[PDB]
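Have a look at the structure below, then the notes.
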There are 10 protein chains.
Amino acid sequence: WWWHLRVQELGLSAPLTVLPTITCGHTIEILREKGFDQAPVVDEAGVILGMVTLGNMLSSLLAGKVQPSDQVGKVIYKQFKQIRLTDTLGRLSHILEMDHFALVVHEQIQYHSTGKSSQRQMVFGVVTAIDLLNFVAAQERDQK
Amino acid sequence: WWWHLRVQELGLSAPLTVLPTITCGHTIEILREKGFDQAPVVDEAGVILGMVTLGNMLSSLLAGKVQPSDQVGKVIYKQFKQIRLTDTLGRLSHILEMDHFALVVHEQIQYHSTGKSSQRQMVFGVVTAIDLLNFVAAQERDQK
Amino acid sequence: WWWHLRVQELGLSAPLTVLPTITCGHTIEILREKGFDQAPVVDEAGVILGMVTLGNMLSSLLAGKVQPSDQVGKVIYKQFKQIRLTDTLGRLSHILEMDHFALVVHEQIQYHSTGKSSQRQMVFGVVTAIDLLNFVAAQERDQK
Amino acid sequence: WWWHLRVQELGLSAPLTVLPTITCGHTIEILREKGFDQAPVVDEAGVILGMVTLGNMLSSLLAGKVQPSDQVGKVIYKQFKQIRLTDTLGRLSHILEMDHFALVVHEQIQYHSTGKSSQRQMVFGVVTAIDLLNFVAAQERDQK
Amino acid sequence: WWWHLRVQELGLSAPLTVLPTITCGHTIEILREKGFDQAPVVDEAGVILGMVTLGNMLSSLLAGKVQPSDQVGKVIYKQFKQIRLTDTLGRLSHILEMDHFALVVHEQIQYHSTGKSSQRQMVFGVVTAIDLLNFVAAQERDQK
Amino acid sequence: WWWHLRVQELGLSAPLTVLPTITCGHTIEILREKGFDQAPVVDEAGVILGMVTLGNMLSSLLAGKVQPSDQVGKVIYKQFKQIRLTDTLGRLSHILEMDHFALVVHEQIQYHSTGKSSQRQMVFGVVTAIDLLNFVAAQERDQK
Amino acid sequence: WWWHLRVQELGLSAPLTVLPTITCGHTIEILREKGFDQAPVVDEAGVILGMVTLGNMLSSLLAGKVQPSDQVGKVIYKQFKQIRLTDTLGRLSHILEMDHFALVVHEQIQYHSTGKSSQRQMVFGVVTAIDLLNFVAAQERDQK
Amino acid sequence: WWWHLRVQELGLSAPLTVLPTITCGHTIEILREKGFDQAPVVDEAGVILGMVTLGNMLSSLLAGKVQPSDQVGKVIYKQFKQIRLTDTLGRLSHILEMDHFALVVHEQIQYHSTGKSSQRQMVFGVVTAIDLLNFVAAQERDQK
Amino acid sequence: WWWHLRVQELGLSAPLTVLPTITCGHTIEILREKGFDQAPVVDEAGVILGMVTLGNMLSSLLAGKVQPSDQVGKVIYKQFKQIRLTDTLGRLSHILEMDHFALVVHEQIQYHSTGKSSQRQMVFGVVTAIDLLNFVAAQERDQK
Amino acid sequence: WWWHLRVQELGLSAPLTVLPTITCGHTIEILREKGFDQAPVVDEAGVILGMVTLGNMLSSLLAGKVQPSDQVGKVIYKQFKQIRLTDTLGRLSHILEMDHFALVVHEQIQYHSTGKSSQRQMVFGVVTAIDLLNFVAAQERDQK
Ligand SMILES: C[S@@+](CC[C@H](N)C(=O)[O-])C[C@H]1O[C@@H](n2cnc3c(N)ncnc32)[C@H](O)[C@@H]1O
Ligand SMILES: C[S@@+](CC[C@H](N)C(=O)[O-])C[C@H]1O[C@@H](n2cnc3c(N)ncnc32)[C@H](O)[C@@H]1O
Ligand SMILES: C[S@@+](CC[C@H](N)C(=O)[O-])C[C@H]1O[C@@H](n2cnc3c(N)ncnc32)[C@H](O)[C@@H]1O
Ligand SMILES: C[S@@+](CC[C@H](N)C(=O)[O-])C[C@H]1O[C@@H](n2cnc3c(N)ncnc32)[C@H](O)[C@@H]1O
Ligand SMILES: C[S@@+](CC[C@H](N)C(=O)[O-])C[C@H]1O[C@@H](n2cnc3c(N)ncnc32)[C@H](O)[C@@H]1O
Ligand SMILES: C[S@@+](CC[C@H](N)C(=O)[O-])C[C@H]1O[C@@H](n2cnc3c(N)ncnc32)[C@H](O)[C@@H]1O
Ligand SMILES: C[S@@+](CC[C@H](N)C(=O)[O-])C[C@H]1O[C@@H](n2cnc3c(N)ncnc32)[C@H](O)[C@@H]1O
Ligand SMILES: C[S@@+](CC[C@H](N)C(=O)[O-])C[C@H]1O[C@@H](n2cnc3c(N)ncnc32)[C@H](O)[C@@H]1O
Ligand SMILES: C[S@@+](CC[C@H](N)C(=O)[O-])C[C@H]1O[C@@H](n2cnc3c(N)ncnc32)[C@H](O)[C@@H]1O
Ligand SMILES: C[S@@+](CC[C@H](N)C(=O)[O-])C[C@H]1O[C@@H](n2cnc3c(N)ncnc32)[C@H](O)[C@@H]1O
């Protein structure tokens with residue numbers, strides 16, 4: 001039944017993200033002390049530009065390309081199956097199987113001095129099935 | 001009953017915002033062509049830095065401080081009441097009671113090259129009672 | 001300079017109004033898709049008998065007096081700052097300065113079988129600020 | 001140059017119209033004391049249901065169809081080269097070139113309880129070249 | 001029955017007539033506030049030499065032949081058909097059913113020491129169907 | 001250099017594990033609030049009889065066998081490239097890449113009444129990349 | 001210098017243990033032929049519940065409480081001083097210097113069907129100074 | 001019962017003994033691989049001049065007096081509860097009650113060139129209770 | 001039955017040997033006072049370098065090889081069928097039977113500074129049938 | 001030189017003898033603690049009838065012919081070499097060489113009232129090479 005549900009309901013309390021210049025070893029700590037596993041990589045403007053995960057992180061360091069002291073900009077995960085918040089859990093349940101996570105985007109349309117429109121994409125969160133499992137374990141009392 | 005409803009459920013399709021350098025005259029067009037009157041004023045990084053409304057802009061143009069060719073950066077509406085998307089309708093409905101509009105924000109905590117957290121507030125969108133009315137009109141069908 | 005202009009100069013094209021029996025939400029949907037905010041409440045004869053505005057409507061709905069399914073007549077915003085089309089832009093601009101909207105009316109005198117005179121008032125149009133702001137933006141391309 | 005100008009500029013302070021039930025002897029009187037030539041005929045709802053002119057009337061009286069005590073509604077004039085106030089003076093000029101009068105109208109879009117649109121034609125006023133001649137001496141001080 | 005009624009018995013209001021030198025517009029604005037449409041042009045005494053109307057002026061002015069600032073002499077409408085006061089209402093019907101007005105003349109036969117018979121055809125006035133309609137309305141009161 | 005390091009040094013403070021009867025949703029909660037990802041499934045005697053990981057378990061919920069209220073015993077996950085505690089980081093670096101984790105085994109040789117030996121495998125912990133990733137940063141101060 | 005060292009480096013390959021049910025004499029034989037002196041006593045679940053030593057044996061066997069053919073659980077040594085593997089070598093130093101043998105333990109906490117937690121204590125390896133002396137004579141080759 | 005028996009019956013294994021100058025670690029390894037707990041210290045002539053024990057040796061390094069590479073004559077133990085082969089098992093068992101081992105000695109009456117009598121003490125071997133317990137483990141099947 | 005018995009169970013009386021540097025006359029003296037038939041000859045280190053018997057003396061004195069003042073090392077007897085202290089009494093009795101004396105030796109495996117294994121041999125004692133004949137009367141009360 | 005010596009100087013103090021009925025072990029014990037090997041067996045008057053040694057007695061006991069409890073008379077060794085005291089030491093020494101003992105007999109030459117001379121040969125004693133060895137050792141002191 002849960003696949004009926006929608007992305008926004010899932011409580012993406014995930015404001016955390018990184019710059020590409022963050023030291024690899026530091027991110028390793030932050031995720032673990034938080035218990036997290038993957039962190040979004042954006043610019044200081046917040047523009048979505050990549051990902052970082054242990055799976056590529058361990059693979060990269062063990063590949064010998066970088067040190068833990070290196071910056072994540074050079075080991076940036078980018079192949080995320082990113083989804084939109086407006087979508088349903090079925091798509092989430094679909095996508096979140098081949099890998100543990102996927103980005104949810106929020107779109108931002110700015111207009112220039114001359115009224116010319118522009119588009120900015122923002123991070124709504126970084127979700128995993130735990131959020132799905134956590135949410136599905138409780139909310140079924142209300143809108144099942 | 002609807003005041004219990006959760007804010008993110010309100011179907012905000014509101015990515016449009018403006019740079020402060022946009023000309024007032026063009027600004028009116030974009031809102032009026034959209035049927036809008038108020039729009040977020042943000043930087044190129046999406047920094048929540050003010051507003052623009054009907055009363056803000058009508059008073060400003062009638063006061064003569066901004067010509068129609070003037071930029072909105074001079075008269076950016078600032079006294080907006082603001083809510084968070086994780087909040088509830090009842091307070092937002094309360095919030096909308098004494099204003100024409102309300103701002104919803106979001107947060108995104110970037111982490112430095114040194115791994116230090118840095119919190120950035122990000123625009124979620126712009127809500128007027130139409131959004132509440134439009135959704136509660138839909139909730140007439142969804143309360144099943 | 002524009003405030004000296006005649007009210008009729010603006011050209012408030014749309015004469016869109018409602019009867020006091022249409023469902024509250026239905027009014028809201030019609031205005032919102034078109035982006036409107038208000039609608040004159042007149043009889044089938046067209047006699048100006050009131051107004052309805054979202055600021056009243058949001059307050060009315062949140063007051064609990066009307067469901068969205070309720071009729072619009074019971075929340076008739078019959079009070080309005082009303083001006084005549086034969087009047088000056090500045091005073092209407094003055095009128096809109098501290099109001100969410102303004103009303104203009106069209107007079108009409110009928111003579112019965114005995115020729116005794118009568119008076120009727122039709123709606124010339126409904127004006128908000130963005131009428132003027134767009135109009136002065138357009139008109140200053142011709143007369144300025 | 002004036003023929004290019006908009007209809008509404010011509011100061012059409014002409015709200016007077018009659019019910020069809022008014023007698024012949026009173027219609028002539030009012031138009032005579034007003035110095036008028038013709039008078040619109042509408043219902044109590046303002047529906048544009050006819051006309052009456054000296055040419056229509058004189059032909060009617062001299063044909064014997066209406067006694068002076070008879071109603072103008074029996075011989076209600078209804079033909080006219082009707083125009084709408086959004087148009088230009090040249091078309092008004094064009095229409096008045098061969099008719100003995102010109103008719104201008106106005107619109108009102110009422111909406112029912114079911115949200116169904118209803119465009120209602122409404123009288124704006126009666127115009128003759130006097131309105132042109134009176135006002136042509138005026139705009140040659142404003143736009144000329 | 002009224003067709004028998006004597007033209008003299010109608011009781012024209014009065015003659016109003018100007019000299020050809022004065023401009024059209026000044027005559028035009030005067031006649032209209034009296035409600036008039038057509039005005040004679042005579043010599044220093046009242047001899048028939050000219051005739052002006054709105055119908056020909058509007059036709060001529062929009063044709064561009066003369067301006068409203070042009071003298072009233074160039075808008076002459078003397079091609080009228082003319083009647084004598086000794087005739088009856090029926091003759092007016094045979095006149096006014098087509099034209100917009102009728103001319104009635106009169107003789108001011110003053111006698112002097114010049115030694116010859118004198119004849120000076122005066123203008124008796126300007127009569128329209130309103131006079132006819134007023135006269136038949138009045139005669140229906142006399143014949144009561 | 002780190003592959004020189006030995007498995008024993010890593011310090012897996014990982015005594016936590018589960019029974020097969022543990023509730024599915026409770027299982028995910030337990031790891032999540034603590035921030036873990038997977039915990040061994042053993043009996044009350046500590047026998048290494050299973051494993052629970054989100055990737056199978058998210059698939060397990062999507063397979064429909066388990067609701068969050070279900071037990072993990074019916075979806076007990078039992079494949080793991082388990083490593084031995086005496087090895088080096090080279091094996092860990094090798095083994096721990098193709099999956100996110102691997103069991104580390106302690107062993108126990110119990111002797112019967114007749115002196116017959118009996119080997120019993122024990123869980124020394126549950127390791128992922130962080131354990132070494134944190135450790136490699138630390139071990140550059142002690143052994144290298 | 002070695003006293004600083006970590007216990008787990010000491011090659012504590014002592015998975016062997018006994019059930020209480022086995023006779024005393026065989027256990028003494030078992031440790032004798034394999035060369036040990038003392039062996040840990042646990043249940044079939046591997047729960048640490050006792051010990052057996054030469055003094056625990058000879059004194060009891062000379063006390064007459066047990067025949068050599070008597071069961072070993074009768075003389076289960078339990079007054080050992082106990083340490084955890086996570087400690088340092090100097091902690092072993094001030095343990096074996098007065099005790100004739102040393103016990104080390106490993107911990108394991110299991111989580112129930114209801115999610116409640118319970119710890120299990122598991123033997124790591126029965127160690128005496130020879131391991132230390134063997135290890136310290138060996139590890140200095142790694143350092144130097 | 002066995003305490004009535006005779007020491008010589010026990011059947012010692014062998015006299016594995018060392019010189020004082022032997023390295024501490026080599027004795028440590030030798031007793032390890034042999035499983036032994038101690039070894040007598042004698043000269044090349046076999047004179048009973050010392051002993052080396054686990055408790056002596058563990059205390060020796062941990063007191064810092066000898067490195068593992070140092071020679072054992074520095075810590076030469078001689079406080080053994082020495083016994084003679086001719087003595088009884090019960091006394092030996094009593095003798096082993098507090099010491100972890102008991103030296104068994106042997107005599108040799110060597111005469112000189114002049115016939116002067118002299119006694120040369122000889123090491124018969126080394127015994128722990130494990131000898132006795134194993135010894136009684138079989139003797140109860142033949143001499144009982 | 002006694003032939004089944006063992007060296008150690010039979011037991012020695014006492015060991016007495018001498019250096020070869022003793023004179024022949026005193027060798028007779030010590031044996032004759034003891035009634036001994038023979039004597040082992042070793043160094044002060046106890047190495048079994050020879051022995052002396054009655055048959056050695058009778059041949060030696062009557063061959064003129066040694067005077068009583070001469071040393072036995074001149075004619076130190078060397079023939080002897082050496083036996084070990086592990087051997088069945090029947091063999092001992094057999095092995096003694098054809099000879100006139102027999103010797104049992106005791107092993108002594110000592111280790112050097114470099115821990116190199118080395119086995120020296122030690123004299124256990126001299127045995128004649130008296131050792132058998134006296135003890136056989138005793139073990140018939142112990143084994144029988 | 002000693003071959004000149006005689007039994008009269010020999011000092012054979014060997015008068016002890018046994019009866020044939022005495023038990024072998026009883027004779028064995030007596031001979032052993034005095035330290036002899038061979039024992040004379042004579043009648044109650046001292047007349048020569050028997051002789052025994054250990055060499056045959058052990059051999060006979062090992063042959064199974066007699067037990068140690070058997071009488072000494074059945075284990076006789078009379079196949080000795082017998083000598084007379086009048087014979088020189090050289091012949092004495094010569095004759096004892098190829099054995100372990102020799103017999104010397106007593107032939108006193110006085111008689112009694114029986115009326116006839118005869119011979120009742122008593123044993124003079126039991127000499128060994130040790131006697132000679134003791135004798136030659138002593139006589140070397142006497143002659144020098
Ligand atoms: C505690 S971690 C558990 C580790 C597991 N491998 C995973 O990624 O889900 C999961 C929780 O952390 C939160 N989280 C994941 N990524 C995050 C991020 N980049 N910033 C802040 N929170 C995040 C999610 O809301 C999720 O509920
Ligand atoms: C249809 S307009 C009606 C006029 C109304 N007074 C207003 O502008 O907010 C309102 C709708 O547009 C959306 N909206 C308002 N401001 C917006 C903005 N700045 N960018 C994008 N959408 C916006 C809101 O969600 C609301 O549902
Ligand atoms: C496209 S709408 C823009 C959205 C905004 N709510 C509004 O109505 O102004 C612009 C025009 O709608 C007109 N308008 C507003 N209320 C009206 C009403 N009740 N009937 C007809 N026109 C109306 C305004 O005068 C304005 O010129
Ligand atoms: C003052 S009369 C004089 C001109 C001429 N008598 C005629 O009626 O055409 C004409 C003026 O009266 C006004 N008028 C004409 N008919 C009208 C009517 N039916 N109701 C109100 N005003 C009217 C027109 O604006 C026009 O400017
Ligand atoms: C409004 S006018 C009659 C309508 C006619 N179409 C006109 O406007 O001239 C009303 C009265 O004015 C009078 N009248 C018309 N023209 C006149 C003139 N030129 N001088 C004096 N009276 C005039 C007529 O007698 C008529 O009774
Ligand atoms: C904060 S969790 C992050 C998620 C990680 N993939 C995991 O294994 O759960 C990382 C730490 O949790 C610890 N851990 C993992 N499984 C555990 C378990 N079953 N019991 C106790 N600790 C565990 C590991 O030692 C690791 O250092
Ligand atoms: C080689 S034996 C030497 C004799 C020693 N005195 C002792 O305590 O047994 C000692 C070795 O056996 C190992 N050991 C001790 N107890 C053991 C047990 N119960 N099972 C398996 N190994 C054990 C220890 O780690 C130590 O390294
Ligand atoms: C075979 S080891 C068995 C291992 C056991 N941990 C121990 O040392 O007792 C035990 C045997 O070795 C013998 N032994 C002990 N120390 C000895 C030594 N220094 N030289 C020769 N044998 C020794 C003991 O007499 C005992 O019978
Ligand atoms: C007591 S004498 C018995 C009678 C006779 N003298 C003989 O030797 O057979 C023999 C005993 O002395 C002991 N013995 C023999 N030669 C010895 C020697 N060289 N040193 C010490 N004891 C010896 C033997 O153990 C034997 O039990
Ligand atoms: C000391 S024992 C040992 C010598 C010899 N191997 C033996 O066993 O007969 C020998 C001495 O005892 C003495 N002797 C031998 N037989 C004897 C006997 N039957 N009675 C008394 N003395 C005897 C001899 O004189 C000799 O000096």
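Order determines the names: the first chain of the structure tokens is A, the second B, and so forth; residues in each chain are numbered 1 upward, and ligands are numbered 1 upward as they are shown.
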
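Copy-to-copy comparison places chain I at a Cα RMSD of 1.0 Å from chain A, following a least-squares fit over all residues.
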
Proximal residues of chain C relative to chain B (only C-alpha atoms; 9 Å) as an NGL selection string: :C and (3 or 25-26 or 28-29 or 32-36 or 54-55 or 57-59 or 62 or 68-69 or 90 or 93-94 or 96-100 or 128-134 or 136-137)

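As for CA of residue 124 (chain I) and CA of residue 74 (chain I), they are spaced 24.4 Å apart.
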
Residues of chain A in helix (DSSP H, G or I), written as a PyMOL selection string: chain A and resi 2-4+7-10+24-34+54-62+72-74+89-98+129-136+139-141

Could you write out that same residue set with N, CA and C atoms as a short mmCIF file (atom, residue, chain, number, x, y, z; two decimals), in the first residue's frame?
data_model
loop_
_atom_site.label_atom_id
_atom_site.label_comp_id
_atom_site.auth_asym_id
_atom_site.auth_seq_id
_atom_site.Cartn_x
_atom_site.Cartn_y
_atom_site.Cartn_z
N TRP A 2 2.00 1.17 0.69
CA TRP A 2 2.81 2.36 0.96
C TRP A 2 3.24 3.05 -0.33
N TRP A 3 3.43 2.29 -1.40
CA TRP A 3 3.85 2.85 -2.68
C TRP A 3 2.86 3.89 -3.18
N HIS A 4 1.67 3.92 -2.58
CA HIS A 4 0.72 5.00 -2.84
C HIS A 4 1.26 6.34 -2.36
N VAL A 7 6.69 11.52 -2.04
CA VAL A 7 8.03 11.80 -1.53
C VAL A 7 8.00 12.78 -0.37
N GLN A 8 7.23 13.86 -0.50
CA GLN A 8 7.29 14.95 0.47
C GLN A 8 6.90 14.49 1.87
N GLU A 9 6.07 13.46 1.97
CA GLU A 9 5.63 12.98 3.28
C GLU A 9 6.76 12.36 4.09
N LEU A 10 7.89 12.05 3.46
CA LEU A 10 8.89 11.17 4.04
C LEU A 10 9.81 11.86 5.04
N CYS A 24 38.25 14.40 2.40
CA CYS A 24 37.60 13.09 2.36
C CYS A 24 37.51 12.48 3.76
N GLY A 25 38.61 12.49 4.50
CA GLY A 25 38.61 11.90 5.82
C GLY A 25 37.63 12.55 6.77
N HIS A 26 37.44 13.86 6.65
CA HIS A 26 36.49 14.54 7.52
C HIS A 26 35.07 14.07 7.27
N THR A 27 34.64 14.03 6.00
CA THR A 27 33.32 13.51 5.67
C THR A 27 33.13 12.12 6.25
N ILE A 28 34.18 11.31 6.22
CA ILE A 28 34.12 9.97 6.78
C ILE A 28 33.65 10.02 8.23
N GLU A 29 34.21 10.95 9.00
CA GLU A 29 33.79 11.10 10.38
C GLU A 29 32.35 11.58 10.47
N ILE A 30 32.01 12.64 9.72
CA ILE A 30 30.71 13.28 9.89
C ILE A 30 29.59 12.28 9.66
N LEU A 31 29.69 11.51 8.58
CA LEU A 31 28.66 10.52 8.30
C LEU A 31 28.58 9.49 9.42
N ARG A 32 29.72 9.04 9.93
CA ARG A 32 29.70 7.96 10.91
C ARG A 32 29.18 8.43 12.25
N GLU A 33 29.64 9.60 12.72
CA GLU A 33 29.10 10.13 13.96
C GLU A 33 27.62 10.41 13.82
N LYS A 34 27.21 10.91 12.66
CA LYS A 34 25.80 11.02 12.36
C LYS A 34 25.18 9.67 12.04
N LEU A 54 30.12 5.95 0.69
CA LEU A 54 31.21 5.07 1.10
C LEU A 54 31.59 4.10 0.00
N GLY A 55 30.60 3.59 -0.75
CA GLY A 55 30.89 2.57 -1.74
C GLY A 55 31.93 3.02 -2.75
N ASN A 56 31.75 4.22 -3.30
CA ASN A 56 32.79 4.78 -4.15
C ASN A 56 33.94 5.33 -3.33
N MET A 57 33.67 5.78 -2.11
CA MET A 57 34.71 6.36 -1.27
C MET A 57 35.75 5.31 -0.91
N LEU A 58 35.30 4.17 -0.40
CA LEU A 58 36.21 3.07 -0.12
C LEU A 58 36.87 2.58 -1.40
N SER A 59 36.09 2.46 -2.47
CA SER A 59 36.65 2.00 -3.73
C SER A 59 37.70 2.96 -4.25
N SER A 60 37.46 4.26 -4.12
CA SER A 60 38.42 5.25 -4.59
C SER A 60 39.72 5.20 -3.80
N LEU A 61 39.63 5.21 -2.47
CA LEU A 61 40.84 5.18 -1.65
C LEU A 61 41.61 3.89 -1.86
N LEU A 62 40.90 2.76 -1.91
CA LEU A 62 41.56 1.49 -2.17
C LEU A 62 42.06 1.37 -3.60
N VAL A 72 36.86 15.70 -1.56
CA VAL A 72 35.86 14.86 -2.20
C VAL A 72 35.52 15.33 -3.61
N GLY A 73 35.98 16.52 -4.01
CA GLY A 73 35.72 16.98 -5.36
C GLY A 73 36.31 16.06 -6.41
N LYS A 74 37.37 15.34 -6.07
CA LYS A 74 38.03 14.44 -7.01
C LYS A 74 37.48 13.02 -6.96
N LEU A 89 5.85 6.97 -3.75
CA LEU A 89 6.75 6.00 -3.14
C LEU A 89 7.08 4.84 -4.07
N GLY A 90 6.15 4.47 -4.95
CA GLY A 90 6.42 3.37 -5.86
C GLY A 90 7.66 3.60 -6.69
N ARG A 91 7.82 4.82 -7.21
CA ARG A 91 9.04 5.17 -7.92
C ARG A 91 10.23 5.15 -6.98
N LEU A 92 10.06 5.71 -5.78
CA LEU A 92 11.11 5.64 -4.77
C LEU A 92 11.47 4.20 -4.47
N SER A 93 10.46 3.39 -4.14
CA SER A 93 10.70 1.98 -3.88
C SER A 93 11.35 1.31 -5.08
N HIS A 94 10.97 1.73 -6.28
CA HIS A 94 11.63 1.25 -7.49
C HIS A 94 13.10 1.64 -7.49
N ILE A 95 13.37 2.94 -7.47
CA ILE A 95 14.74 3.40 -7.67
C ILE A 95 15.65 3.02 -6.52
N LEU A 96 15.16 3.06 -5.29
CA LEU A 96 16.03 2.88 -4.13
C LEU A 96 16.48 1.44 -3.94
N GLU A 97 16.25 0.57 -4.92
CA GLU A 97 16.69 -0.81 -4.79
C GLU A 97 18.08 -1.01 -5.37
N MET A 98 18.31 -0.54 -6.59
CA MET A 98 19.62 -0.73 -7.22
C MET A 98 20.72 0.00 -6.46
N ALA A 129 15.88 4.07 2.20
CA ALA A 129 14.72 3.29 2.59
C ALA A 129 14.48 3.33 4.09
N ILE A 130 15.50 3.66 4.88
CA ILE A 130 15.30 3.82 6.31
C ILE A 130 14.25 4.88 6.57
N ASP A 131 14.38 6.02 5.89
CA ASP A 131 13.33 7.02 5.94
C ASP A 131 12.00 6.42 5.51
N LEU A 132 12.02 5.61 4.45
CA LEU A 132 10.82 4.92 4.02
C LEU A 132 10.32 3.99 5.12
N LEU A 133 11.21 3.15 5.63
CA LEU A 133 10.83 2.21 6.67
C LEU A 133 10.41 2.93 7.94
N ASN A 134 11.14 3.98 8.31
CA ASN A 134 10.77 4.75 9.49
C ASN A 134 9.38 5.37 9.33
N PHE A 135 9.12 5.97 8.17
CA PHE A 135 7.85 6.64 7.96
C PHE A 135 6.71 5.63 7.83
N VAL A 136 6.93 4.55 7.09
CA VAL A 136 5.87 3.57 6.89
C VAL A 136 5.54 2.86 8.20
N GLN A 139 3.13 6.23 10.14
CA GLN A 139 2.04 7.01 9.56
C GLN A 139 0.86 6.15 9.12
N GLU A 140 1.02 4.82 9.04
CA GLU A 140 -0.08 3.96 8.62
C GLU A 140 -1.29 4.08 9.53
N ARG A 141 -1.16 4.77 10.67
CA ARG A 141 -2.29 4.99 11.56
C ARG A 141 -3.26 6.02 11.00
#

Shell of 9 Å around residue 49 (chain J), only C-alpha atoms, local chain residues under 3 positions omitted, as an MDAnalysis selection string: chainID J and resid 20 40:43 46 78

Serialized selection, N, CA, C and O atoms, as a compact mmCIF listing (two decimals), in the first residue's frame:
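Contents of part-v4.txt, freshly written:
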# COMPACT_ATOMS: atom_id res chain seq x y z
N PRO J 20 72.40 -78.04 54.35
CA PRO J 20 71.66 -78.09 53.08
C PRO J 20 70.18 -77.75 53.22
O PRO J 20 69.57 -77.30 52.24
N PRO J 40 79.63 -72.21 52.03
CA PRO J 40 79.87 -73.64 52.17
C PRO J 40 78.72 -74.35 52.84
O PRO J 40 78.06 -73.82 53.74
N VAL J 41 78.49 -75.58 52.39
CA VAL J 41 77.49 -76.46 52.97
C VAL J 41 78.20 -77.70 53.48
O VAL J 41 78.85 -78.41 52.70
N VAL J 42 78.10 -77.97 54.78
CA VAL J 42 78.77 -79.09 55.40
C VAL J 42 77.79 -79.78 56.35
O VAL J 42 76.68 -79.31 56.59
N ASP J 43 78.23 -80.91 56.89
CA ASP J 43 77.43 -81.61 57.88
C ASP J 43 77.52 -80.91 59.23
O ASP J 43 78.08 -79.82 59.36
N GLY J 46 81.16 -80.58 60.35
CA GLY J 46 82.04 -79.81 59.50
C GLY J 46 82.61 -80.55 58.31
O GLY J 46 83.50 -80.02 57.64
N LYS J 78 79.14 -77.91 43.47
CA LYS J 78 80.34 -78.62 43.91
C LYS J 78 81.31 -78.88 42.77
O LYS J 78 82.31 -79.59 42.97

Just want the 9 Å neighbourhood of residue 118 (chain I), counted on only C-alpha atoms, with same-chain residues fewer than 5 positions away dropped. Output as a PDB file with N, CA and C atoms, in the first residue's frame.
ATOM      1  N   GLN I 108      70.502 -37.490  31.071  1.00  0.00           N
ATOM      2  CA  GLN I 108      70.568 -36.103  31.518  1.00  0.00           C
ATOM      3  C   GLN I 108      70.671 -35.163  30.326  1.00  0.00           C
ATOM      4  N   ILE I 109      69.539 -34.631  29.869  1.00  0.00           N
ATOM      5  CA  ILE I 109      69.535 -33.794  28.675  1.00  0.00           C
ATOM      6  C   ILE I 109      69.571 -32.319  29.060  1.00  0.00           C
ATOM      7  N   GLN I 110      70.756 -31.721  28.997  1.00  0.00           N
ATOM      8  CA  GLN I 110      70.912 -30.313  29.322  1.00  0.00           C
ATOM      9  C   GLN I 110      71.111 -29.475  28.068  1.00  0.00           C
ATOM     10  N   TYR I 111      70.855 -28.179  28.210  1.00  0.00           N
ATOM     11  CA  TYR I 111      70.869 -27.248  27.096  1.00  0.00           C
ATOM     12  C   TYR I 111      71.850 -26.122  27.390  1.00  0.00           C
ATOM     13  N   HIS I 112      72.463 -25.604  26.331  1.00  0.00           N
ATOM     14  CA  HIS I 112      73.553 -24.652  26.452  1.00  0.00           C
ATOM     15  C   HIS I 112      73.026 -23.220  26.428  1.00  0.00           C
TER      16      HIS I 112
END
